[PDB]
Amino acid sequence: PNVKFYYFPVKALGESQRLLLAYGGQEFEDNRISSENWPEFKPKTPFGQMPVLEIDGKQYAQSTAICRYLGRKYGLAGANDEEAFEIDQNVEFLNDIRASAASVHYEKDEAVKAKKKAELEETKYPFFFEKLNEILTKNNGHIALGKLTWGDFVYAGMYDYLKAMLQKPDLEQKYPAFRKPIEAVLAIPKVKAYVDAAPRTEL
């Protein structure tokens, strides 16, 4: 099909979709829209946001919704409602981690950002990290179901971005399990090829 994916020239919350497209054997136009050009695209998107995946002219917006859909299409969303649910559930938990880091990262006032970071370091981060370590361990290096799912692509795509907002480059040094969903995804020849083939960014 003619597939066009529009996002910023970073990984952040759109790279999971690219990864899933590479996985499915879908060729697509990787339209990386810079911040400078974004204003001309914005009004042509469903929500005034990216990512937007367009397939034969139909637009799909919202990163998690697009990932679950590609996952469903590519056999990566479990084999019944209860398995699909587990993936949704664990990905919704990852979302809590991202939202928590993002409350700190997008704080423009340095002194307030510092107090928020200290608060989270004592009150949410330790618990998030232990819980994520439990989940990856229980699931043998995966986000859900003990095996490859679209939730691994969600995690793999946004992992560096999470680390950058956490200001925690060494995160997987305390928690080596944290690298594993990325290894699972990069194990797939089609995906590894796309990655070698794709631009690099620090988030």
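Start at 1 with the first residue shown and count on from there.
The stretch 73 to 81 shows the higher mean C-alpha B-factor when 73 to 81 is compared against 122 to 130 in the entry. Of the two segments, 52 to 60 and 145 to 153, the one listed with the higher mean B-factor is 52 to 60 (C-alpha atoms only).
Taking only the listed residues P169, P39, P46, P176, the entry reports the highest CA temperature factor at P169.
In the deposited coordinates, the residue among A101, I87, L94, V112 with the greatest CA B-factor is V112. Among the modelled residues of its chain, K190 has a C-alpha B-factor that falls in the highest third according to the deposited record. Compared with the other modelled residues of the chain, the Cα B-factor recorded for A22 ranks in the highest third. When all modelled residues of the chain are sorted by CA temperature factor, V10 is found within the middle third.
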